[PDB]
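Below is one structure; the comments refer to it alone.
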Amino acid sequence: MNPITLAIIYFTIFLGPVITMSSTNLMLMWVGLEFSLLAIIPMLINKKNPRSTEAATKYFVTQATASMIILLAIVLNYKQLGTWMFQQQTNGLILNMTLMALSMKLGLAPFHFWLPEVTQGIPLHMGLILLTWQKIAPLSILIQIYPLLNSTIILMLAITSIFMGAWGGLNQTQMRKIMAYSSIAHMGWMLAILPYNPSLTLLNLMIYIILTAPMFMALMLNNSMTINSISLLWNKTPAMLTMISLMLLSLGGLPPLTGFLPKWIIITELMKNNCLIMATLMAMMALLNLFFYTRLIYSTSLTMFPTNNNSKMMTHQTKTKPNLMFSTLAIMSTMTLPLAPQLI
Amino acid sequence: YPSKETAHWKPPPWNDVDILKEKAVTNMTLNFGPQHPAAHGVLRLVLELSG
Amino acid sequence: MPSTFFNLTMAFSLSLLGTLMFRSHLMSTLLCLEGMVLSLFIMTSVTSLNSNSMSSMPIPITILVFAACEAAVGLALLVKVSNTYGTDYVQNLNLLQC
Amino acid sequence: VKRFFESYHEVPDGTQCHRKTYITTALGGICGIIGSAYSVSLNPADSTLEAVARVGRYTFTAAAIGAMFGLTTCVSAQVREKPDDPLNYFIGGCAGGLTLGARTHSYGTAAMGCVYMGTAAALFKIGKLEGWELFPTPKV
Amino acid sequence: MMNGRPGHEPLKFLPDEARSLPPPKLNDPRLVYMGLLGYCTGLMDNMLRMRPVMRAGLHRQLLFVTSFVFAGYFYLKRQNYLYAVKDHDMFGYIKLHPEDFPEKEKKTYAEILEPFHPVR
Amino acid sequence: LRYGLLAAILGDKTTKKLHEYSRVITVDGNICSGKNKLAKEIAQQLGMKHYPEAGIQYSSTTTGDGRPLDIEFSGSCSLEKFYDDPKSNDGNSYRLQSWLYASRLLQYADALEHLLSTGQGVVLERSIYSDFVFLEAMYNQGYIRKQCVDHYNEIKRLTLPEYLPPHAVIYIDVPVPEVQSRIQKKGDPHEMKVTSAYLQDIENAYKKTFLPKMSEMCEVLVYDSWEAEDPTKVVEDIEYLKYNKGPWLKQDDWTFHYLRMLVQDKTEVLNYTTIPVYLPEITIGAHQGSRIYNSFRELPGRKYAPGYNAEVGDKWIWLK
Amino acid sequence: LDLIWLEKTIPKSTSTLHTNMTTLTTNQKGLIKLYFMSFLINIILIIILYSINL
Amino acid sequence: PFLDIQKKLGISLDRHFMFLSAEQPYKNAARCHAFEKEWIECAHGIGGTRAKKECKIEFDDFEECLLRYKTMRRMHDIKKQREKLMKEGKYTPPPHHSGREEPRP
Amino acid sequence: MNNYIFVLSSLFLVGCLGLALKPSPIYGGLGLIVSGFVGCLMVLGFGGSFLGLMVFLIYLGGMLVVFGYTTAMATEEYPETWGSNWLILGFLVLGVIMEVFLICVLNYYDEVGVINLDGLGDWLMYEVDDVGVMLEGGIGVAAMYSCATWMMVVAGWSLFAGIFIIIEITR
Ligand SMILES: Nc1ncnc2c1ncn2[C@@H]1O[C@H](COP(=O)(O)OP(=O)(O)OP(=O)(O)O)[C@@H](O)[C@H]1O
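Residue numbers (full-length UniProt numbering), protein chains in the order written: chain A, 1 to 344; chain B, 53 to 103; chain C, 1 to 98; chain D, 4 to 143; chain E, 1 to 120; chain F, 36 to 355; chain G, 553 to 606; chain H, 2 to 106; chain I, 1 to 171.
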């Protein structure tokens with residue numbers, strides 16, 4: 001690509017969600033979602049291979065139908081009330097159709113079958129964007145209408161996302177799919193609590209971003225896309241094992257790391273409203289979500305694997321890849337539990 | 053975990069570039085035939101077209 | 001008005017059912033998206049003209065704009081699919097599972 | 004109709020064995036139809052007849068689960084008169100698991116489903132008895 | 001949930017109401033913890049780029065520490081203002097609706113009778 | 036400053052540097068044909084810089100002290116041992132072959148980095164586009180098994196398309212008895228004990244595979260020994276070439292930018308050589324690999340980045 | 553008990569259950585047709601749930 | 002919204018054509034302007050849960066001005082009864098309903 | 001001339017149905033053109049001229065490119081029109097039958113509120129301003145240049161960036 005094209009496309013990606021936030025009109029929110037859709041595709045398809053073409057096609061076709069369903073909901077609301085804002089006393093069918101379309105946009109189960117494929121079929125960057133910057137505005141729509149939502153199917157979609165993300169990421173050798181299933185489970189955790197104190201949704205979102213972005217950078221630093229490729233890290237970049245370990249053990253919520261904070265306070269604010277046993281199920285399947293992280297950091301850190309003879313050139317040569325924000329994002333994660341009242 | 057269905061799943065490449073069965077360049081074959089006025093009455097002129 | 005709005009809603013539902021239920025081809029799916037766009041346009045415009053809300057009349061034009069942009073990029077990806085596989089069919093996009 | 008499945012609780016266990024029975028059987032058949040839809044859409048068969056056979060197998064299986072569950076529950080409430088006792092639901096869940104192991108020829112699945120369904124059904128009765136609310140409304 | 005609070009100015013970091021709150025000490029334990037976070041961040045950035053630790057980037061480490069503390073001070077001032085707003089609204093609400101929070105007074109252990117459960 | 040999009044916009048483009056002899060040129064042939072003598076004189080006459088052939092010790096010479104390292108750091112292979120024992124169970128053969136492929140890859144990368152940055156043309160010999168010759172020689176004999184050839188061809192499939200071919204190749208041929216005579220007159224006991232079948236397989240692989248498929252993209256200049264001598268004739272033939280029929284015609288400033296950024300990072304270059312295809316002849320095991328890594332980081336000049344080493348003499352390390 | 557049955561009941565039953573559900577769950581074929589059919593099933597079930605609950 | 006930038010800057014990019022009773026191009030009232038105005042002025046200062054029960058009369062009036070169901074049902078009942086009478090031989094319409102009147106102006 | 005709008009709506013429904021059955025993009029785009037013409041006609045029936053004419057123009061311009069592409073990419077040796085499949089023909093006929101039957105049903109389950117066949121043509125226009133000027137559509141759409149100058153900016157940027165997006169996808 002050329003600089004003017006990159007400026008245009010990245011500015012459009014920045015303005016998609018930024019339009020979706022600073023917009024009372026739901027039509028302009030839809031416009032922002034379409035901006036994100038339209039501008040992400042040139043970078044999913046920048047390498048021009050069959051995997052990239054398939055990923056971009058699946059993304060486009062899955063997101064356009066959800067956009068059209070959200071537009072159906074908006075048009076029905078305008079017909080009902082003569083207003084471009086979801087008031088109260090709308091129709092539950094409208095609100096549920098909106099919620100299902102947004103679930104298809106995010107990747108929540110049972111609308112999840114497209115995210116691992118697409119994340120596999122693209123570079124390490126544009127998986128980061130796809131999993132972090134594209135989850136925000138769809139979440140903004142829900143955040144703005146959290147009292148209107150059905151507490152039933154919001155939780156069914158959550159629970160299904162947790163179960164399917166854990167059971168998907170359990171058996172994936174490819175890391176681009178493990179991060180996608182992690183995204184699915186974390187979005188389940190968010191959307192479970194979204195009708196209850198929606199600030200915790202944004203908390204879990206920021207935690208998830210601050211974990212995943214360093215992880216995708218770690219995979220970038222040697223173009224790692226497989227367990228057997230991240231296992232050859234004690235020979236190439238052996239100073240990253242510590243942070244990778246602590247961040248994976250944060251993603252799988254464990255106490256002293258800040259990745260247990262979202263699950264903990266989410267279970268708290270659910271137990272305040274008698275969502276006891278659903279919270280128990282989610283907390284218990286988060287362990288199955290943690291199992292493959294444990295296996296992963298075994299494979300790379302604790303039982304260092306066989307290496308190759310050609311990996312010694314890598315030892316001779318030098319690197320410049322860590323961007324000075326890897327350390328910051330990995331250290332604000334894994335170490336910011338005592339600041340939890342300053343987070344909530 | 054090899055199921056009965058996933059036994060045939062060969063792993064992917066490393067650069068995310070698959071080796072494909074290269075399709076044939078099956079161009080369109082036209083008869084710029086003798087009846088054609090640009091032809092002088094008696095010219096067949098088979099030709100292959102990519103459009 | 002209520003009758004034609006019901007019928008437009010059912011038409012959108014049919015186009016949605018279509019674009020969900022795939023066949024071998026893809027451009028048929030894109031055409032179902034175009035039909036959904038058309039039905040939503042008509043519903044919005046009919047509402048604006050019924051309620052005499054001229055301030056909302058800029059909304060269907062924006063719908064058409066962004067929808068034809070969607071069709072444009074879908075058609076670009078269609079070009080790419082053809083260049084790769086040569087046959088436009090959807091059942092060939094089955095190598096990401098591995 | 005939601006009233007038809009809420010009528011499971013208008014009279015206690017040990018009463019109206021047939022009503023509860025094919026209520027639960029209809030419920031199991033519904034869930035089996037859902038499972039068949041997901042198993043035919045994803046992972047289809049080599050032919051529509053094979054697909055319909057799959058659907059019937061799943062559906063009548065789940066119907067057998069529900070039938071034996073409801074029968075065993077209202078029986079073990081009729082016998083040993085104790086409707087407010089989740090052990091009846093446990094025994095019924097074990098009968099369900101054993102039927103799952105019959106239709107799917109495996110003793111491991113039989114005992115697995117027995118334990119799991121029994122604990123689940125006992126927890127269900129404890130919820131119905133103590134006032135637990137899955138899918139609660141936001142109150143704080 | 002307090003975004004609909006009256007007088008809530010939008011996208012305002014520190015309202016003048018927060019200026020009546022006592023600020024941190026600047027010796028606060030979580031602020032020096034953030035300084036420790038910044039120090040460890042500099043050390044990790046050195047370890048990742050194959051540089052000497054505790055010896056290489058003494059301007060980078062100082063910069064990290066300053067950034068962390070200089071952000072944590074104001075973020076903590078904001079969070080204290082927010083918790084104060086919470087408590088203020090809560091006390092005002094119990095003052096407004098006393099009937100829902102009745103002035104309860106409890107009995108002594110002489111008048112009430114809790115059951116005895118022998119261990120044996 | 037490090038090069039990037041910012042410097043490109045600021046105006047350190049590539050097409051503003053190429054004039055006429057901004058050309059990659061590779062001199063190929065069999066074991067003893069006069070490629071060093073030819074390439075050095077070509078570089079003298081045209082203004083290019085001669086890159087010698089990329090043996091085992093290239094990553095050692097282009098890094099650090101510029102000295103050779105112990106045989107366990109810059110590989111674990113030996114060419115002498117390959118000659119005096121080629122069918123060893125210890126897979127010295129393919130270890131050597133893959134190490135030399137990687138070294139030729141890094142050679143080509145540094146060559147392009149000099150070309151695309153300075154515009155100066157670059158001379159080479161026996162590049163990555165002709166390193167399979169010795170592999171097919173090994174495989175026609177029993178020196179390696181087929182799985183190693185699959186590994187080699189996979190890594191070539193991953194690495195080769197990302198780089199541009201040479202504008203021209205200069206293949207000088209000698210009959211097999213003549214190269215064997217020049218070897219026996221060269222004075223090396225390890226090269227003397229080589230079969231004529233190895234050299235004939237080399238010649239056949241060259242003339243059958245390397246010449247045509249590179250003639251589809253380059254200007255072949257097949258010469259013989261008595262034309263390998265008199266190198267001024269080769270230079271005079273080079274100067275009056277019409278450098279057509281290549282992918283270099285469809286390269287603008289931004290193709291050059293992304294290639295030059297791919298080449299700026301040597302780990303981005305060598306990533307597809309470190310792949311986890313677990314061959315017994317390439318694997319090293321955790322204990323040996325850790326021992327080697329610690330001994331390597333326990334060397335002078337190593338253990339940290341280049342400028343950050345007070346054990347050498349670097350200074351201002353506490354303000355970098 | 554120790555080596556076979558307490559291993560069969562508590563840990564290995566869990567392992568078999570979760571890996572079996574993993575297999576029958578994630579063994580998909582990357583076809584948009586099947587995924588979108590499933591999405592249709594989900595839409596249908598949710599509008600049915602709404603129609604019943606109300 | 003989520004990021005109330007427009008209030009932070011005072012601008013109104015899109016929050017001046019949210020509802021019907023908002024500044025049509027030439028001052029032509031959208032129908033139910035009065036009802037929507039009344040509902041919006043009753044539901045101000047209040048937020049949501051309380052306006053959903055303290056301004057329900059006005060919302061009902063607006064919902065009946067816009068979707069206009071009770072008038073449909075009323076005229077349907079009238080026409081049904083009229084058809085019944087005319088089929089029973091009881092009712093005949095007057096001159097100014099079969100198309101024979103003295104037009105007013 | 002009161003069932004005009006119900007006729008047009010039902011024809012739009014049938015067009016979108018035959019569209020959803022997904023024959024070749026030729027006949028599919030023909031259905032699109034028919035349905036867009038019908039949509040233009042009903043929008044006119046509700047008092048809207050410019051919006052309908054623009055629907056027809058834009059969809060014609062799109063379906064032209066769709067023909068061009070489907071002759072290049074989405075073509076078979078046997079394009080499989082509607083009648084080629086007894087199954088698709090049966091689904092089409094069943095859809096029309098279910099249209100008729102469901103409309104007859106909704107004409108019974110409720111007196112009025114969903115579908116009103118006895119009262120039809122009485123509820124189309126809803127408080128016209130019998131004296132008026134500068135009242136048509138076109139004024140509202142021209143408010144994109146005044147009182148709605150955000151829609152114009154955002155759509156213009158959409159198209160501008162779409163150009164670059166298309167160039168890069170096709171590159
Ligand atoms: N890829 C390779 N595989 C196996 N052996 C190689 C490879 N590359 C070089 N060698 C060995 O290294 C030696 C290189 O000799 P080379 O052909 O470079 O001679 P030269 O330096 O060009 O001078 P002259 O051609 O005059 O001998 C040969 O003996 C050859 O066997």
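A virtual CB, placed ideally from N, CA and C, is assigned to each residue, including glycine.
Proximity test, Cβ basis, 9 Å: residue 84 of chain C and chain G = no
CA-CA distance, residue 228 of chain A and residue 325 of chain F?
-> 17 Å
Between the beta-carbon of residue 60 of chain F and the beta-carbon of residue 157 of chain F, is there less than 9 Å?
-> yes
Straight-line Cα distance separating residue 85 of chain E from residue 77 of chain E = 12 Å
So, using beta-carbon positions, are residue 207 of chain A and residue 333 of chain A closer together than 9 Å?
-> In this structure, residue 207 of chain A places its C-beta atom within 9 Å of the C-beta atom of residue 333 of chain A.
Taking DSSP as the reference, what is the three-state secondary structure of residue 280 of chain A?
-> Three-state result, residue 280 of chain A: helix.
Test item: CB-CB of residue 111 of chain F and residue 104 of chain F under 9 Å | no
According to DSSP, what are the bridge partners of residue 166 of chain A?
-> Paired residue(s): none; residue 166 of chain A is not in a bridge.
Mind checking which residues open and close the alpha helix (DSSP H) that includes residue 50 of chain C?
-> 27-51
Strand pairing of residue 85 of chain F, partner residues [DSSP] = F:158
Give, in chain order, every residue of the segment 30-58 of chain A whose Cβ lies closer than 9 Å to some Cβ of chain B.
-> Residues 47, 49, 50, 51, 52.
Please check the pair residue 86 of chain D and residue 17 of chain D, which I expect to be a contact at CB under 8 Å, by giving their CB distance rounded to whole angstroms.
-> The Cβ separation is near 6 Å, so the contact holds.
Please list, in chain order, all residues of the same chain as residue 201 of chain A whose beta carbon is under 7 Å from its beta carbon, the five residues on each side excluded.
-> 139, 143, 190, 193, 194
Find out if the Cβ-Cβ distance for the pair residue 157 of chain A, residue 103 of chain A is shorter than 9 Å.
-> yes
Just mark residue 59 of chain H as buried or exposed, buried being the case when its beta carbon has 16 or more other beta carbons within 10 Å.
-> buried
Measure the alpha-carbon distance for residue 356 of chain F versus residue 231 of chain F and round it to whole angstroms.
-> Chain F is shown from 36 up to 355; residue 356 of chain F falls before or after that span and cannot be answered.
Use the C-beta contact count for residue 223 of chain F: other C-beta atoms within 10 angstroms, 16 or more gives buried, fewer gives exposed.
-> exposed
Output the distance between the C-alpha atoms of residue 69 of chain C and residue 66 of chain B, rounded to the nearest integer angstrom.
-> 34 Å
Who are the neighbours of residue 92 of chain A on chain G, taking C-beta pairs under 7 Å?
-> 602
With respect to the alpha helix (DSSP H) encompassing residue 265 of chain A, which residues constitute its N-terminal and C-terminal limits?
-> 260-271
Closest by CA to residue 70 of chain I, which one among C:18, C:21, C:50, C:81?
-> C:81
For residue 354 of chain F, count neighbouring C-beta atoms within 10 Å of its own C-beta (all shown protein chains included) and say buried if the count is 16 or more, exposed if not.
-> exposed
Pair within 9 Å by beta-carbon distance, residue 20 of chain H and residue 148 of chain I | No, these two residues do not count as a Cβ contact at 9 Å.
Residue 80 of chain E, enclosing alpha helix (DSSP H) - first and last residue | 58-96
Name the one or two DSSP bridge partners that residue 82 of chain B has.
-> B:99
Return the residue from the list F:160, F:215, F:249, F:316 that minimises the CA-CA distance to residue 73 of chain F.
-> Nearest of F:160, F:215, F:249, F:316 to residue 73 of chain F, Cα basis: F:160.
Continuous alpha helix (DSSP H) stretch holding residue 59 of chain A: start and end = 50-81
Residue 51 of chain D - DSSP class collapsed to helix/strand/coil | Helix at residue 51 of chain D.
Selection from I:80, I:78, I:151 that minimises the alpha carbon distance to residue 14 of chain H | I:151
Say whether chain F places a C-beta atom closer than 9 Å to the C-beta of residue 71 of chain E.
-> no
For residue 102 of chain A, return the contacting residues in chain C, with the cut-off set at a CB-CB distance below 8 Å.
-> Residues of chain C passing the Cβ test: none, with the nearest at roughly 16 Å.
Close beta carbons around residue 336 of chain F, own chain, < 7 Å, minus the five adjacent residues each side | Within its own chain, the residues whose Cβ lies closer than 7 Å to the Cβ of residue 336 of chain F, once the five positions on either side in sequence are excluded, are 99, 100, 344, 347, listed in chain order.
Taking a Cβ distance cut-off of 8 Å, strictly less, list which residues of the segment 57-75 of chain B are near chain C, in chain order.
-> 61, 62, 63, 64, 70, 72, 75
Under 8 Å Cβ to Cβ from residue 38 of chain F, same chain only, skipping five residues before and after it: list those, please.
-> Spatial neighbours of residue 38 of chain F in its own chain (CB-CB distance under 8 Å, excluding positions within 5 residues in sequence) are listed in chain order as 47, 152, 295, 296, 299.
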